[PDB]
Amino acid sequence: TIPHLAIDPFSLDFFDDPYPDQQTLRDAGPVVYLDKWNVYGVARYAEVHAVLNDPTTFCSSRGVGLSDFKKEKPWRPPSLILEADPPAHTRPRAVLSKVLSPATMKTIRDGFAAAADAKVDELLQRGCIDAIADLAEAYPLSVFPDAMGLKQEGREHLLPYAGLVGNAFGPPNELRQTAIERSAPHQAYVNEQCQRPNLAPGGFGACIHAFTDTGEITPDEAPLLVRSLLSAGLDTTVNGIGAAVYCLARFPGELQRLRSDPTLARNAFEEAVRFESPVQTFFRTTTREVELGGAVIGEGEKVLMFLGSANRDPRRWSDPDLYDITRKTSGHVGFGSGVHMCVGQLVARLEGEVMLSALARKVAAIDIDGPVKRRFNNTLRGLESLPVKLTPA
Ligand code: HEM
Ligand SMILES: COc1ccc(C(=O)O)cc1O
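The opening position of the sequence shown corresponds to residue 17 in PDB author numbering, with each subsequent residue numbered one higher.
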């Protein structure tokens with residue numbers, strides 16, 4: 017009743033070009049079985065959205081990677097938010113929601129925008145730059161570690177630690193094995209910066225620790241919640257900004273529309289998140305037998321959600337494979353959906369918006385002028401190198 021496929025969604029060939037295989041996964045049926053890894057898969061928008069929005073049946077506390085924490089030991093102490101279910105999820109979620117709240121965004125927006133304008137000014141003096149290292153990486157690194165309250169020393173561990181986290185959600189392939197082999201210095205830095213004395217006053221980390229006296233989290237929970245922001249607070253933003261620049265370089269007509277109305281900047285970034293979904297996949301684990309898309313799935317089964325595929329499902333999107341900066345993007349699942357929907361989405365959108373706004377106002381053309389290189393990760397989609405020439409407006 018359920019089609020069995022041999023597609024490996026964590027193979028380098030898949031990463032290099034996932035879109036044909038994602039169509040094969042969608043068109044095979046609403047629920048597939050992936051024989052390579054012994055997991056169920058859902059690749060259409062409808063089932064991915066349904067799974068995300070049923071946390072009782074499709075839980076997160078047994079891991080949102082391949083590994084089932086009821087069977088294997090987690091590679092690090094589980095996240096108190098990403099790998100918790102309601103009700104244990106609820107109060108830590110509330111703390112991060114308030115720390116990264118609409119009101120917090122007002123306190124950081126002027127500085128984030130000035131830093132974006134300054135970065136584009138700097139890059140326009142160089143002309144030919146690497147839009148990953150020099151822009152997608154450099155700009156979030158210039159604003160987010162400071163907003164966290166991190167010291168200057170050791171920041172080189174942040175992106176390697178995040179890549180390790182992304183690879184560790186995957187199956188036990190070479191990407192995951194090698195990440196864990198190299199992990200010790202990055203984990204040691206990150207865990208140490210989570211302690212209250214190492215977080216500068218007024219930043220995100222200090223604000224998490226300040227919430228330890230409301231009854232929502234205890235002092236011993238705050239280091240792990242800081243760890244969540246050091247895990248997730250950079251690499252997907254890097255990849256999303258790089259994807260947006262890639263899209264503007266590939267679809268010059270959309271750069272021209274963006275230049276003509278810079279207030280499209282926020283939606284241009286949101287469309288880039290839909291189009292080149294920085295988080296491609298997450299897992300859930302069934303807590304009971306469940307019927308999903310006409311399929312019966314037993315208890316204790318891993319279900320792989322293809323978020324990038326759901327964001328390109330023609331059953332939900334018109335011309336899904338077009339980058340359209342005026343698309344109604346509401347409802348895409350690049351940030352998830354439901355109770356775990358990205359608690360840092362306002363930070364990511366702020367960074368993406370103000371960077372795309374600075375490009376819209378300052379740059380006339382973005383031309384790829386070198387070999388584009390892909391960055392491979394079991395969970396993240398993004399580029400390693402994006403050589404571009406920036407022409408000033
Ligand atoms: C474009 C950038 C980003 C993308 C594409 C993204 C993607 C996602 C997705 C898909 C989830 C859902 C996980 C699930 O359902 O299991 C999520 C959750 C989360 N994200 Fe983001 N994220 C981004 C930026 C950020 C930033 C900037 C931060 C921190 C400042 C952050 C922190 C978190 C946390 C803590 C969670 C867990 C929330 C929960 O479990 O309730 N993310 N993200
Ligand atoms: C969506 O990506 C993530 C979200 C949350 C965490 C966490 O450690 O809580 C880690 C991640 O890699």
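Beta carbons: idealized from backbone N, C-alpha and C, even for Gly.
For residue i, I'd like the list of residues in its chain whose CB is within less than 6 Å of its CB, leaving aside the five on either flank, ordered along the chain.
| i | result |
| --- | --- |
| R282 | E369 |
| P102 | none |
| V181 | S247 |
| residue 480 | Not covered by the structure: residue 480. The range shown for the chain is 17 to 409. |
| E153 | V254 |
| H20 | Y49, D51 |
Which two residues bound the contiguous beta strand (DSSP E) that contains residue i?
| i | result |
| --- | --- |
| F322 | 318-322 |
| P403 | 403-408 |
| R300 | 297-302 |
| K389 | 389-392 |
| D383 | 379-384 |
| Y56 | 55-58 |
| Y49 | 48-50 |
| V312 | 311-313 |
Quick one: Cα of residue i to Cα of residue j, how far?
| i | j | result |
| --- | --- | --- |
| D29 | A195 | 19 Å |
| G127 | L50 | 46 Å |
| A149 | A364 | 18 Å |
| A62 | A326 | 8 Å |
| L366 | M121 | 8 Å |
| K135 | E400 | 19 Å |
| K389 | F351 | 25 Å |
| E305 | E287 | 36 Å |
| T123 | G231 | 25 Å |
| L139 | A311 | 52 Å |
| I341 | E270 | 7 Å |
| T302 | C210 | 32 Å |
| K167 | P387 | 35 Å |
| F185 | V319 | 13 Å |
| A100 | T72 | 11 Å |
| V359 | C263 | 25 Å |
| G81 | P187 | 8 Å |
| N214 | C223 | 13 Å |
| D383 | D146 | 11 Å |
| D133 | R290 | 25 Å |
Between which two residues does the alpha helix (DSSP H) containing residue i stretch?
| i | result |
| --- | --- |
| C263 | 251-266 |
| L308 | That residue, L308, is in no alpha helix (DSSP H); its beta strand (DSSP E) goes 306-308. |
| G221 | 220-226 |
| residue 4 | In this structure the chain extends from 17 to 409, so residue 4 is not present and cannot be described. |
| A204 | 200-209 |
With 16 as the cutoff for other CB atoms within 10 Å, does residue i come out buried or exposed?
| i | result |
| --- | --- |
| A204 | exposed |
| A104 | exposed |
| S346 | exposed |
| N183 | buried |
| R198 | exposed |
| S276 | exposed |
| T106 | exposed |
| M321 | buried |
| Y177 | buried |
So, at 7 Å on beta carbons, what are the nonlocal neighbours of residue i in its own chain, with the 5 sequence-adjacent residues on each side left out?
| i | result |
| --- | --- |
| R397 | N255, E292, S293, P294, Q296, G324 |
| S353 | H65, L68, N69 |
| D329 | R42, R60, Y61, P336 |
| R78 | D84, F85, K86, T301 |
Apart from the five residues on each side of it in sequence, which residues of its chain come closer than 8 Å, Cβ to Cβ, to residue i?
| i | result |
| --- | --- |
| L274 | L264, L280, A281, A284, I341, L372, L375, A376 |
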